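Visitor: Pasting an experimental structure with its sequence.
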Amino acid sequence: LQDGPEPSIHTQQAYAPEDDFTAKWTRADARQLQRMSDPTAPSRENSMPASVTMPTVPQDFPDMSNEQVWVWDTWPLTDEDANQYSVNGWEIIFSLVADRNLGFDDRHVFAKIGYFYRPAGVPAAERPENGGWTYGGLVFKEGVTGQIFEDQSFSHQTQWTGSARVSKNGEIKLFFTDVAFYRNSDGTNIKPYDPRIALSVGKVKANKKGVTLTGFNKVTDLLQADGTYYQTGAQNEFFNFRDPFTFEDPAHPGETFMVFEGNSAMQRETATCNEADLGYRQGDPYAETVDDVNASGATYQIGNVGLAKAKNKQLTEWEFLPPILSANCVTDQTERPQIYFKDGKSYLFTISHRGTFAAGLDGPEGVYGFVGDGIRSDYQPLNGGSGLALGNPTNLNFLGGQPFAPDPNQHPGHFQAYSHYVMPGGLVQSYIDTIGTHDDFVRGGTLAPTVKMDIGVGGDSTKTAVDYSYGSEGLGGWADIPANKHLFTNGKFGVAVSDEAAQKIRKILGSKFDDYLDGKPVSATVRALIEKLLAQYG
């Protein structure tokens with residue numbers, strides 16, 4: 001550690017989901033990122049510790065869609081505990097896609113949700129190099145997603161990041177960010193954009209030849225920024241409000257929650273931070289004053305993580321609750337939040353960019369994490385109070401540049417990965433943004449190799465470490481998003497099953513099982529024979 005302030009005191013103590021307590025990722029916490037950086041690290045080499053740095057991704061990478069589309073933010077098919085499912089032998093993912101003929105940096109306003117699929121049960125090492133996914137095309141018929149907007153005069157209408165919850169019958173509840181923009185020809189707004197948390201329901205239909213999706217022909221408007229808990233466009237034209245992740249808390253069975261990204265609800269130009277946002281221990285020689293921070297520009301960076309509660313079992317109506325984390329005068333962007341439960345702890349993972357850190361603060365692109373004793377708790381940022389769990393390789397001694405303009409002295413993997421998502425067993429999937437040097441770089445738009453992050457090194461709940469023994473010196477399969485659970489359903493009856501169970505099911509049963517899985521009628525005897533067996537593994 002270089003000299004610098006001590007991190008803040010956090011207790012991890014849990015509050016009721018409905019209470020008005022918000023954890024702070026403080027300036028004292030965030031500055032532990034700079035203290036961890038090696039100030040001797042030469043040009044283009046990593047300065048952060050290897051245990052919290054993602055393994056380096058090669059620049060000569062395969063493309064998952066054979067360049068049919070640009071792919072980025074991706075999510076699996078999950079249940080309420082974030083287990084990942086195949087349905088009738090197919091693994092299924094959802095991804096943000098755009099037309100390949102657009103410049104990569106212009107994909108955002110033309111983003112749509114597509115899906116891929118591949119057969120379950122194949123080890124990463126036995127797939128095609130590129131992960132062996134088949135592109136199934138777009139989820140939504142043209143027009144559908146625009147229908148929730150009153151003002152139909154939008155210049156652009158996109159579908160952004162979300163989550164997908166599967167039922168035992170192959171029904172899918174697709175939670176996603178439904179966005180309208182109202183723009184001028186030069187990248188300037190006629191009025192603030194309008195990002196909404198929404199839901200659309202559909203269903204998987206599968207057979208030997210692949211998966212197709214039915215439904216998704218109607219969208220329900222679930223939440224939009226309120227202005228008391230989450231910042232609105234009236235408070236900030238460039239407000240963040242996106243990325244719903246739903247789950248069940250083991251402490252609160254029978255209820256469904258959701259985390260998402262917002263900003264603290266402050267008026268942009270009069271926004272301020274306080275002593276608690278700064279978070280220094282009394283008498284710490286490296287302490288900042290509230291005055292210096294609020295004069296610095298830092299108050300433009302007020303990202304938060306929101307919590308909402310479902311009001312019915314169909315998850316069609318929701319209620320905001322107070323934010324669970326704020327990063328006031330720390331970062332503008334605590335993106336893609338997820339809650340991951342382990343050893344009785346609630347882990348909050350989140351991603352952020354280097355450029356979105358506030359004045360005086362710095363850190364790598366990637367996964368930042370927090371641990372407490374409940375979903376609303378006085379979270380402790382992982383790894384010595386820093387919050388860094390999985391940073392791209394980064395020389396913090398030199399400027400970060402941008403994915404479209406790398407810095408001459410920066411590590412060529414600085415933007416190698418984004419929109420990281422932590423999967424069961426601490427496997428982490430991500431997409432490649434940019435890999436390479438100032439004078440020799442490429443854009444990705446396809447998934448990186450999946451990596452592995454061990455959570456709770458030693459007995460220490462607050463510590464993580466990258467498993468460099470995984471796959472090839474830390475790198476596993478290209479676009480490997482595996483299912484740990486397996487659905488078998490005819491569309492009405494279904495069961496969830498383990499990897500091993502799945503194996504002997506497919507074996508014990510013969511070709512009539514194929515028809516049953518196809519939704520094709522079988523005899524009442526055969527149906528009963530099949531479902532009685534399925535029930536025994538269920």
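Guide: Received the coordinates, thanks. Numbering: from 1, shown residues only.

Visitor: now the helices: where do they sit in the stretch 301-450 of the chain?
Guide: Remark: helices of the stretch 301-450 of the chain are absent; assignment by DSSP state H, counting those that start in this stretch.

Visitor: So which elements touch the longest helix along the chain?
Guide: Criterion DSSP state H: the longest helix present in the chain is helix 524-537. Helix 524-537 is packed against strand 494-497, helix 499-508, helix 512-518, with contacts defined by 3 or more CB pairs under 8 Å, 6 or more residues apart in numbering; DSSP states H and E. Just so you know, the C-beta spots here come from the backbone N, C-alpha and C atoms, and that holds for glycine as well.

Visitor: So which of the ones you listed is nearest residue 285?
Guide: Closest to residue 285 of those, according to CB to CB: helix 499-508, at 54.6 Å.

Visitor: the inter-axis angle of that closest one versus helix 524-537?
Guide: If you take axes from the mean of the first three to the mean of the last three CA atoms, to 10 degrees, helix 499-508 sits at 160 degrees to helix 524-537.

Visitor: Which secondary structure elements does helix 499-508 sit against?
Guide: strand 485-489, helix 524-537.

Visitor: Run the angle between the last one and strand 485-489 for me.
Guide: Between helix 524-537 and strand 485-489, the angle formed by their directions is 160 degrees, by the same axes, to 10 degrees.

Visitor: Residues in contact with helix 524-537: which ones?
Guide: 488, 493-495, 497-498, 501, 504-505, 508-509, 512-513, 516, 522 (CB atoms under 8 Å, 6 or more residues apart in numbering).

Visitor: Please repeat the previous calculation with a cut-off of 6 Å.
Guide: With contacts defined as CB atoms under 6 Å, 6 or more residues apart in numbering, helix 524-537 is touched by 488, 493, 495, 497, 501, 512, 516.

Visitor: Could you work out the most separated pair of these?
Guide: Greatest spacing in those, by CB to CB: 501 and 512 (19.3 Å).

Visitor: Looking at the two, which one has more neighbours?
Guide: More crowded of residue 501 and residue 512, by other CB atoms under 10 Å: residue 501, with 18 against 15.

Visitor: Format the helices and strands packed on helix 524-537 as JSON lines; extra columns: distance to residue 158.
Guide: JSON lines is the format used below for those (distance: least, CB to CB, whole Å):
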{"stretch": "strand 494-497", "distance to residue 158": "33"}
{"stretch": "helix 499-508", "distance to residue 158": "36"}
{"stretch": "helix 512-518", "distance to residue 158": "34"}
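
Visitor: out of those, which comes closest to residue 402?
Guide: For the helices and strands packed on helix 524-537, proximity to residue 402 was assessed by CB to CB; helix 499-508 is nearest, at 41.9 Å.

Visitor: What is the burial count for the closest residue to residue 250 other than its chain neighbours?
Guide: In space, and not counting its chain neighbours, residue 250 is closest to residue 341: 6.2 Å by CB to CB, 6 or more residues apart in numbering. Neighbours of residue 341 under the rule other CB under 10 Å: 16.

Visitor: Repeat that for the one 5 residues further on.
Guide: Using other CB under 10 Å, residue 346 has 23 other residues around it.
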